[PDB]
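Structure, as structure tokens:
Readers should treat all values here as calculations from the given coordinates under stated rules, not as data from a laboratory. For neighbour counting, all protein chains shown are included, and Cβ atoms are generated from backbone atoms with ideal geometry for every residue, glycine included.
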Amino acid sequence: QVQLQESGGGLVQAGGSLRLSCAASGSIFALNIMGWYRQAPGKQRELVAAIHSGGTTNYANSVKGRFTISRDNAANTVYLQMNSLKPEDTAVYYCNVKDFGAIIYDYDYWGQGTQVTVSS
Amino acid sequence: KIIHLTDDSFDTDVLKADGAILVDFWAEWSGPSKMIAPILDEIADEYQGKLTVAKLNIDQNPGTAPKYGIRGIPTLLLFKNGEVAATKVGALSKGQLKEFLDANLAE
Amino acid sequence: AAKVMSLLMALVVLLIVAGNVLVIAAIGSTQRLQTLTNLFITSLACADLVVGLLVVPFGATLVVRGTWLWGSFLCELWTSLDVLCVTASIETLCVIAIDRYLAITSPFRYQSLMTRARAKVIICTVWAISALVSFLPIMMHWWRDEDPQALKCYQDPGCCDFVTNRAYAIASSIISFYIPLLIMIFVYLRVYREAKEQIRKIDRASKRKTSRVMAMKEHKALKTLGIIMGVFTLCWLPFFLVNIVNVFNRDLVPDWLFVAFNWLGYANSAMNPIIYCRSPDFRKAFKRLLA
Ligand SMILES: CCCCCCCCCC(=O)N(CCO)C[C@@H](O)[C@@H](O)[C@@H](O)[C@@H](O)CO
Ligand SMILES: CCCCCCCCCC(=O)N(CCO)C[C@@H](O)[C@@H](O)[C@@H](O)[C@@H](O)CO
Ligand SMILES: CCCCCCCCCC(=O)N(CCO)C[C@@H](O)[C@@H](O)[C@@H](O)[C@@H](O)CO
Ligand SMILES: CCCCCCCCCC(=O)N(CCO)C[C@@H](O)[C@@H](O)[C@@H](O)[C@@H](O)CO
Ligand SMILES: C[C@H](CCc1ccc(O)cc1)NCCc1ccc(O)c(O)c1
Ligand code: NA
């Protein structure tokens with residue numbers, strides 16, 4: 001069974017920094033995307049940042065220049081280094097894995113989520 | 001169970017005969033034509049009621065074979081209602097022959 | 001045996017129409033299924049559906065009766081419709097391979113690069129090429145051989161054999177099958193290479209602590225790649241090989257085999273829904289559609 005374990009979230013002062021970390025334990029296809037999504041209270045889920053197995057990345061405009069996504073070269077673990085935090089970034093952050101193992105379609109795995117609250 | 005054909009009997013035994021008749025054109029001088037003799041004897045018992053195996057010695061009856069254009073031997077012509085439904089020339093194994101007969105008899 | 005042969009045509013048509021109708025229904029009815037890839041899948045299903053409704057039925061009769069009952073014009077048209085639908089089907093399989101290759105290996109570049117408007121152009125192109133290789137040459141008599149025995153079949157309205165000049169059978173086979181095949185081999189090979197090359201980089205990372213082996217997901221992906229290339233090639237390679245062979249040594253291959261290899265190709269049209277619509281969203285939509 002595939003499972004995604006989220007850590008590194010919590011309370012933090014505005015202007016500060018966190019480092020999220022999602023460790024995927026299970027069978028994943030070599031070709032995949034590991035990513036972070038978030039859902040602010042009373043808003044829809046949005047992509048924060050994502051990194052492909054190859055190394056190419058994709059970031060939302062709100063977090064560009066601040067957040068940095070990187071993955072463990074050995075293990076199935078993906079890190080989001082969040083700097084210059086603002087109260088706007090307060091949301092439940094979810095870890096996502098897109099597995100390309102079926103070729104024709106992608107299978108999705110989602111984490112339970114971890115809370116990040118930034119106070120002014 | 002096998003009918004042994006002549007020139008004159010060919011019209012009554014094969015052309016006017018009821019059911020599917022498998023005719024064999026054999027000769028005492030052809031080693032290929034002998035290889036089918038024991039396998040046709042087994043086919044007469046195993047396909048009893050489903051067809052009739054008939055044999056014709058092309059040496060003793062030279063008249064029949066030119067009429068249908070028999071080049072080589074052994075030639076196996078499968079007859080139905082006095083018409084030639086299918087044709088096979090050369091020696092076969094039992095498994096090859098059963099596939100030909102079992103395919104052609106199921107219409 | 002010919003009793004069994006007729007029963008076998010009936011199920012072929014049933015599977016093709018059932019399957020492909022079910023796919024188009026699923027996609028058209030479900031907002032979740034209306035993706036970019038499934039746009040190409042929709043093109044494929046249209047092509048295979050027209051194979052089952054028109055091409056194969058008119059085909060099935062020509063085997064049963066042993067003659068063309070609908071006159072020289074509908075022969076010409078049916079021939080053009082066959083060539084079109086087969087060319088569109090196979091060329092669309094080739095586009096799906098490219099599509100999934102980009103989406104798996106360069107997903108972020110792919111999203112900006114491939115739009116819905118761009119995919120429509122790709123699809124429209126595929127059908128325009130199918131049309132120009134089928135209807136244009138067959139209706140305008142460009143496909144015609146000069147040979148007198150061939151010219152006897154063109155004059156007989158009961159004859160609807162597929163007899164072509166050299167140029168057309170070569171060109172049509174290359175455009176409908178060989179170029180698509182080559183692209184499919186090259187593309188899906190780069191997926192295998194990319195996946196193997198990525199596993200290589202993971203082993204370089206571990207500082208000699210672990211060596212990766214093939215997991216559940218890697219065996220399954222390789223089976224999928226097998227079924228994709230296997231069933232496509234098994235179904236259409238025999239016929240399209242023989243189709244070029246006929247243009248040179250005409251006697252070598254019998255007519256009953258040639259036609260039987262063409263029937264094997266029509267079988268691929270029933271196989272495609274099973275291969276390319278296994279997604280969990282497809283599986284849900286199909287249950288929802290069948291009450
Ligand atoms: C033997 C059949 C081989 C498979 C079918 C391929 C044909 C499709 C080719 C095609 O249409 N394009 C080439 C893409 O590589 C798309 C481009 O022409 C595209 O740039 C334009 O359509 C516009 O997007 C310009 O804004
Ligand atoms: C980059 C894509 C173009 C690929 C390059 C293909 C080059 C070969 C061109 C070619 O093969 N022929 C050129 C001349 O037609 C056909 C001949 O080799 C031969 O088949 C004919 O002479 C006879 O079949 C005619 O009876
Ligand atoms: C959207 C891009 C549209 C491109 C449309 C042209 C398609 C490629 C050219 C072509 O159609 N053929 C190859 C050219 O030979 C196939 C046949 O048209 C041709 O082979 C036959 O007419 C001859 O074999 C008859 O003697
Ligand atoms: C866990 C095990 C998973 C299966 C391993 C892969 C199965 C074998 C895949 C395969 O190589 N082919 C399909 C056969 O299954 C043959 C094709 O790759 C290709 O070589 C032919 O289509 C050629 O004729 C093209 O000209
Ligand atoms: C029209 C023809 C019908 C053959 C046929 C004949 C009898 C049948 O019972 C069923 C099918 N099929 C041609 C398939 C084809 C399709 C695309 C090509 O480029 C090509 O050269 C040939
Ligand atoms: Na004709």
Mean separation of Cα contacts under 8 Å (6+ apart) over length of chain A, as relative contact order %: 34
The protein assembly as shown: antiparallel DSSP beta bridges as a percent of all, rounded to 5: 80
Under the Karplus curve 6.51 cos²θ - 1.76 cosθ + 1.60, θ = phi - 60°, whole-Hz ³J(HN,Hα) for segment C:12-28, x wherever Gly or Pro sits: 4, 4, 4, 4, 4, 5, 3, x, 5, 4, 5, 5, 4, 4, 4, 5, x
Over chain B: helical MRE at 222 nm, DSSP H runs n ≥ 4 each giving -39500 (n - 2.57), nearest 500: -8000 deg cm²/dmol
Vicinal HN-Hα couplings computed from phi for segment B:89-99 (Karplus, 6.51 cos²θ - 1.76 cosθ + 1.60; Hz; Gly/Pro x): 10, x, 6, 10, 7, 5, x, 5, 5, 4, 4
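Tell me the net charge near C:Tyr110. Cut-off is 15 Å between Cβ atoms, C:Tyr110 excluded, with +1 for each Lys or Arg and -1 for each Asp or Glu.
+3
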Relative exposure of B:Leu22, B:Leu76, judged by other C-beta atoms within 10 Å (fewest first): B:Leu76, B:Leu22
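If I take every Cα pair under 8 Å that is 6 or more residues apart in chain B, average their sequence separation and divide by the length, what percent do I get for the relative contact order?
Result for chain B is 35 percent.
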Relative contact order %, chain C, counting alpha carbon pairs below 8 Å whose residues are six or more apart: 26
Cross-link reach list, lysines versus B:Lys50, counting only Cα pairs under 22 Å and skipping chain neighbours closer than eight places: B:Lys1, B:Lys16, B:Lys80, B:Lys88, B:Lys94, B:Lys98, C:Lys3
Cross-link pairs beyond the 25 Å C-alpha cut-off, checked among A:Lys43/A:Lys98; C:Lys196/C:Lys223; C:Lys196/C:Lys287; C:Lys120/C:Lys220; C:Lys120/C:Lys287; C:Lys220/C:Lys284: C:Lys196/C:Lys287; C:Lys120/C:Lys220; C:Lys120/C:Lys287
10 Å Cβ shell holding at most 13 others, DSSP loop, trypsin sites (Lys or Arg not before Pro): longest site-free stretch of chain B: B:72-107
